[PDB]
>>> print(open('structure_37.txt').read())   # compact mmCIF, C-alpha atoms
# COMPACT_ATOMS: atom_id res chain seq x y z
CA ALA A 4 0.00 0.00 0.00
CA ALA A 5 3.01 2.22 0.71
CA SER A 6 5.49 0.27 -1.44
CA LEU A 7 5.43 3.02 -4.08
CA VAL A 8 9.14 2.34 -3.69
CA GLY A 9 8.70 -0.07 -6.55
CA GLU A 10 6.99 2.57 -8.72
CA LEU A 11 9.83 5.00 -7.93
CA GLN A 12 12.57 2.46 -8.39
CA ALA A 13 10.93 1.38 -11.63
CA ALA A 14 10.85 4.93 -12.95
CA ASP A 15 14.51 5.27 -12.05
CA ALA A 16 15.48 2.25 -14.12
CA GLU A 17 13.50 3.59 -17.08
CA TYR A 18 15.10 6.99 -16.56
CA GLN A 19 18.58 5.50 -16.93
CA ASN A 20 17.77 3.52 -20.08
CA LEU A 21 15.97 6.49 -21.59
CA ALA A 22 18.93 8.79 -21.00
CA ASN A 23 21.28 6.20 -22.48
CA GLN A 24 18.90 5.50 -25.33
CA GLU A 25 18.59 9.22 -25.92
CA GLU A 26 22.39 9.64 -26.23
CA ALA A 27 22.98 6.66 -28.58
CA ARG A 28 20.46 8.32 -30.82
CA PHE A 29 22.16 11.70 -30.78
CA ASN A 30 25.58 10.12 -31.32
CA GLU A 31 24.19 7.88 -34.05
CA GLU A 32 22.50 10.82 -35.73
CA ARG A 33 25.76 12.74 -35.44
CA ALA A 34 27.79 9.83 -36.72
CA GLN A 35 25.61 9.81 -39.80
CA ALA A 36 25.85 13.56 -40.22
CA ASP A 37 29.64 13.37 -40.17
CA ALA A 38 29.46 10.50 -42.71
CA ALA A 39 27.12 12.46 -45.00
CA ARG A 40 29.45 15.43 -44.82
CA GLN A 41 32.19 13.14 -46.18
CA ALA A 42 30.25 11.35 -48.96
CA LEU A 43 29.03 14.75 -50.04
CA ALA A 44 32.52 16.21 -50.12
CA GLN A 45 33.63 13.31 -52.33
CA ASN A 46 30.58 13.44 -54.54
CA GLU A 47 30.93 17.18 -54.93
CA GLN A 48 34.45 16.66 -56.28
CA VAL A 49 33.46 14.05 -58.83
CA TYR A 50 30.55 16.20 -59.83
CA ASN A 51 32.62 19.38 -60.02
CA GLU A 52 35.04 17.75 -62.54
CA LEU A 53 32.34 15.85 -64.48
CA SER A 54 30.55 19.18 -64.90
CA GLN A 55 33.48 20.78 -66.69
CA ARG A 56 34.01 17.62 -68.63
CA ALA A 57 30.44 17.31 -69.89
CA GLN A 58 30.32 21.08 -70.53
CA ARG A 59 33.44 20.86 -72.70
CA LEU A 60 32.23 17.88 -74.74
CA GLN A 61 29.10 19.92 -75.51
CA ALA A 62 31.08 22.87 -76.88
CA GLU A 63 33.70 20.86 -78.80
CA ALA A 64 31.00 18.56 -80.22
CA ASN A 65 30.22 21.23 -82.79
CA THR A 66 33.74 21.29 -84.23
CA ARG A 67 34.51 17.57 -83.92
CA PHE A 68 34.55 14.69 -86.39
CA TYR A 69 32.39 12.31 -84.39
CA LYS A 70 30.10 15.23 -83.42
CA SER A 71 27.05 12.99 -83.15
CA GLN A 72 28.87 10.76 -80.62
CA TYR A 73 30.35 13.70 -78.72
CA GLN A 74 26.85 14.88 -77.89
CA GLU A 75 25.63 11.46 -76.90
CA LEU A 76 28.46 11.27 -74.36
CA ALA A 77 27.86 14.82 -73.15
CA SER A 78 24.30 13.68 -72.53
CA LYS A 79 25.19 10.44 -70.87
CA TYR A 80 27.26 12.52 -68.44
CA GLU A 81 24.38 14.97 -68.09
CA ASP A 82 22.27 12.05 -66.89
CA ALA A 83 24.80 10.99 -64.31
CA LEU A 84 25.25 14.65 -63.24
CA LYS A 85 21.57 14.80 -62.31
CA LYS A 86 21.60 11.53 -60.34
CA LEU A 87 24.56 12.94 -58.55
CA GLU A 88 22.83 16.25 -57.71
CA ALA A 89 20.06 14.17 -56.15
CA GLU A 90 22.28 12.12 -53.92
CA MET A 91 23.96 15.35 -53.02
CA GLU A 92 20.86 17.24 -51.88
CA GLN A 93 19.83 14.14 -50.01
CA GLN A 94 23.14 14.29 -48.13
CA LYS A 95 22.62 18.05 -47.69
CA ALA A 96 19.24 17.39 -45.99
CA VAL A 97 20.79 14.87 -43.61
CA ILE A 98 23.41 17.46 -42.68
CA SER A 99 21.11 20.43 -42.21
CA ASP A 100 18.61 18.17 -40.45
CA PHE A 101 21.22 17.30 -37.88
CA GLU A 102 22.76 20.74 -37.61
CA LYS A 103 19.14 21.73 -37.07
CA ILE A 104 19.16 19.55 -33.94
CA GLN A 105 22.35 20.97 -32.49
CA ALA A 106 20.33 24.19 -32.52
CA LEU A 107 18.03 22.53 -29.94
>>> encode(input="structure_37.txt", output="structure tokens")
Amino acid sequence: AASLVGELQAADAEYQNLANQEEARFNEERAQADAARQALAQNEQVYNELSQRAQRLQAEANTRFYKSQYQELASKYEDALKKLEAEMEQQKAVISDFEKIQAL
């Protein structure tokens, strides 16, 4: 009847797990944010070069023997460049989303 000592000692156990659980989640969400910052940095490089590449092929294509081909390539890169931009924004959301938590 007065053994609310169980209720209090139960809440205490929960309170420890919760705190721990709460940290593993912050750390895990940070761990991913730091990973996404990396993958993005890499991707941005590849994309930065592939942008100048594709852009060049498009210009040169006009004054090139295999013009027709030159444009097909330029396009094939264009297609990859888009896929890349996607992955990149996705990584950008992960990052801002986490840096939006540090705010709290």
>>> residues_around(input="structure_37.txt", residues="residue 50 of chain A", least_positions_apart="4", cutoff="9 Å", atoms="all atoms listed in the file", output="MDAnalysis selection string")
chainID A and resid 45:46 54:55 83:84 87:88
>>> write_last_selection(input="structure_37.txt", atoms="C-alpha atoms", output="PDB file, in the frame of the given file")
ATOM      1  CA  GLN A  45      33.630  13.310 -52.330  1.00  0.00           C
ATOM      2  CA  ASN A  46      30.580  13.440 -54.540  1.00  0.00           C
ATOM      3  CA  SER A  54      30.550  19.180 -64.900  1.00  0.00           C
ATOM      4  CA  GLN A  55      33.480  20.780 -66.690  1.00  0.00           C
ATOM      5  CA  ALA A  83      24.800  10.990 -64.310  1.00  0.00           C
ATOM      6  CA  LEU A  84      25.250  14.650 -63.240  1.00  0.00           C
ATOM      7  CA  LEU A  87      24.560  12.940 -58.550  1.00  0.00           C
ATOM      8  CA  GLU A  88      22.830  16.250 -57.710  1.00  0.00           C
TER       9      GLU A  88
END
>>> residues_around(input="structure_37.txt", residues="residue 101 of chain A", least_positions_apart="5", cutoff="9 Å", atoms="only C-alpha atoms", output="CSV table (one decimal) with C-alpha atoms, in the frame of the given file")
chain,number,residue,atom,x,y,z
A,32,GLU,CA,22.5,10.8,-35.7
A,33,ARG,CA,25.8,12.7,-35.4
A,35,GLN,CA,25.6,9.8,-39.8
A,36,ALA,CA,25.8,13.6,-40.2
A,96,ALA,CA,19.2,17.4,-46.0
A,106,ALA,CA,20.3,24.2,-32.5
>>> residues_around(input="structure_37.txt", residues="residue 104 of chain A", least_positions_apart="4", cutoff="9 Å", atoms="all atoms listed in the file", output="list in words")
residues 29, 99 and 100 of chain A
>>> closest_residue(input="structure_37.txt", among="A:7, A:22, A:102, A:94", to="residue 39 of chain A", atoms="all atoms listed in the file")
A:94
>>> residues_around(input="structure_37.txt", residues="residue 59 of chain A", least_positions_apart="5", cutoff="12 Å", atoms="all atoms listed in the file", output="PyMOL selection string")
chain A and resi 52-54+64-67+73-74+76-78+80-81
>>> closest_residue(input="structure_37.txt", among="A:38, A:49, A:56, A:30", to="residue 105 of chain A", atoms="only C-alpha atoms")
A:30
>>> axis_aligned_box(input="structure_37.txt", around="segment 87-97 of chain A", padding_each_side="6 Å", output="lines of an AutoDock Vina configuration file")
center_x = 21.9
center_y = 15.1
center_z = -51.1
size_x = 17.3
size_y = 17.9
size_z = 26.9
>>> atom_distance(input="structure_37.txt", atom1="atom CA of residue 47 of chain A", atom2="atom CA of residue 85 of chain A")
12.2 Å
>>> closest_residue(input="structure_37.txt", among="A:43, A:13, A:60, A:27", to="residue 89 of chain A", atoms="all atoms listed in the file")
A:43
>>> atom_distance(input="structure_37.txt", atom1="atom CA of residue 61 of chain A", atom2="atom CA of residue 44 of chain A")
25.9 Å
>>> closest_residue(input="structure_37.txt", among="A:79, A:37, A:70, A:58", to="residue 98 of chain A", atoms="all atoms listed in the file")
A:37
>>> atom_distance(input="structure_37.txt", atom1="atom CA of residue 92 of chain A", atom2="atom CA of residue 26 of chain A")
26.8 Å
